[PDB]
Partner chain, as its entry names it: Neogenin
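As structure tokens, one chain now follows by itself in the form solved without the partner chain.
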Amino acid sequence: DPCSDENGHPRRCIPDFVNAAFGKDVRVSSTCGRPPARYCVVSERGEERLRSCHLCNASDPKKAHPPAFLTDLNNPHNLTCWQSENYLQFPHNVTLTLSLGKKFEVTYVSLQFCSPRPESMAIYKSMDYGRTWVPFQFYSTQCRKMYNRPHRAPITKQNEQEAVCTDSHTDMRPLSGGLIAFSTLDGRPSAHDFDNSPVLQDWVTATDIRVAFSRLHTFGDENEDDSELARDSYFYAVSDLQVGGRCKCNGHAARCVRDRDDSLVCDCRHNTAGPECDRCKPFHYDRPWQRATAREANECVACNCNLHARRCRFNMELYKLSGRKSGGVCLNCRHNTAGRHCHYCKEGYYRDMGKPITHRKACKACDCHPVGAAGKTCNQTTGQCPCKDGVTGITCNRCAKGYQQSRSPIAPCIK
């Protein structure tokens, strides 16, 4: 357990870097096999190009190529590729979208193709679950023409989040096994200083990863009798999609875990709560929430209601009046107690001592003498009602030394 030290006391903890994509369902714009249809594998040996053909059949697992194969275990000698439908050229965009439902720090994105690589393609992140998409990186042989970015634009302080376009890793050539691989901090000026770079802190943060294949390579011949089979030779196919990174829990977790809803969330510690660990757990609002830092754990603490209140709320006034120690304010405070911490008795009650402060019957009712005492409200401690002139006793039901009873209820002791 890295979230507390050798002794009991909490410390900042960060979860492990991983292939965030592994085993995850990737959403795809296209998959061959529904209905089933022919595809062709093209190979070259020098002067010649050879061609084998096969059926993509979704309904038959031995001939299917579903998205699950993008994030399965990659054994290099039993490769499994997702395969798009044949010839979705332009402007047809085919997309692999990985929604983590949770903020991650992305460190790389890797693709391994079983087809030739895309001529043009783009990696995107979302920071707001589905809604908006921003570009991480482009890859194309026509950057200005295709993505309206300039070729190999130099990354600079001025804008360190620049989605570069590049003709690198665009060659039709490795006809399979082509490898494209974006790294988020590769190039970025402040990467060495990353942990003090707010610009880059943002840059790596993302909830989703979209991969858009926008145009695909064709051969320089494409024979005329080959019309159907040449068309059937062009598709996108990927054997392995990775997204390196870690969960963003705010120093309050060492694990991310799927939950009640089977949705990914921090295994949240230090009495914190929420998916990012960005707020406090119920009944733990004595001090306000913070990211755990290098020096300090900032475990938000359990507010005290002396076993009288079920809920509690934070208040800054109270917090500030103590030396920033406690600010919890207990609510609907039960059993005829009241206050911040339910530590004293409701007006018109008093503490039955001996019975300790925490006990359900720690406040007995006041019960003043209805003509002897002036008022209903006792002393919280000692229960002494406020007696009229020449009356004493805790209930104020006897005249004092010096005093006799009167015939009037108003002034019932007189001398």
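The term rigid core refers to the maximal set of C-alpha atoms that superpose within 1.5 Å between the two forms. Positions refer to the first chain, counted from 1. Only residues modelled in both forms are compared.
Higher mean CA B-factor, judged across 205 to 213 and 298 to 306 from the recorded values: 298 to 306.
Taking only CA atoms, the mean B-factor in the PDB entry is higher for 221 to 229 than for the other of 126 to 134 and 221 to 229.
Per the deposited coordinates, the residue with the largest Cα temperature factor out of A181, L318, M172, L185 is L318.
Taking only the listed residues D72, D193, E119, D278, the entry reports the highest CA temperature factor at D193. In this PDB entry, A20 carries a Cα temperature factor that places it within the lowest third of its chain's modelled residues. In this PDB entry, the Cα temperature factor of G323 sits in the top third of its chain's modelled residues, the highest group. Ranked by C-alpha B-factor against the other modelled residues of its chain, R27 falls in the lowest third. Per the deposited record, the Cα B-factor of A68 falls in the lowest third when ranked against the other modelled residues of its chain. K157 sits in the highest third of its chain by CA B factor, as recorded in the PDB entry.
In what follows, reference is made to the form solved in complex with the partner chain, a form of this protein that is not presented.
At least one heavy atom of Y108 is located within 4.5 Å of the partner chain in the deposited complex. Contact annotation: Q290 falls outside 4.5 Å of the partner chain in the deposited complex, judged by heavy atom distances. For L73, a non-hydrogen atom is located within 4.5 Å of the partner chain in the deposited complex, even though that partner is not displayed. Among residues of the shown chain, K102 is not one whose heavy atoms approach the partner chain to within 4.5 Å in the deposited complex. Of the candidate stretches 116 to 124, 223 to 231, 74 to 82, 91 to 99, only 74 to 82 has residues whose heavy atoms lie within 4.5 Å of the partner chain in the deposited complex. The three residues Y87, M146 and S214 each lack any heavy atom within 4.5 Å of the partner chain in the deposited complex.
With the partner removed from view, the residue among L307, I155, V134, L179 that has a non-hydrogen atom within 4.5 Å of the partner chain in the deposited complex turns out to be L179. Among the residues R340, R210, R246, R188, the one placing a heavy atom within 4.5 Å of the partner chain in the deposited complex is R246. Of the candidates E105, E119, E85, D226, the Cα that moves 2 angstroms or more after core superposition between this form and the one not shown belongs to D226 alone. When the rigid core is held fixed, the Cα atom of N332 travels 2 angstroms or more between this form and the one not shown. Superposition of the core reveals a Cα shift of 2 Å or more for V265 between this form and the one not shown.
Once the cores line up, the CA of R295 ends up 2 angstroms or more apart between this form and the one not shown. Here's the thing about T80 and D226: their CA atoms end up at least 3 Å farther apart in the deposited complex than they are in this form. The pair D226 and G46 is at least 3 angstroms farther apart at the CA level in the deposited complex than in the present model. Where the rigid core is used as the reference frame, consecutive stretches of 3+ residues with C-alpha displacements of 2 Å or more between this form and the one not shown occur at 1 to 14, 220 to 226, 249 to 413.
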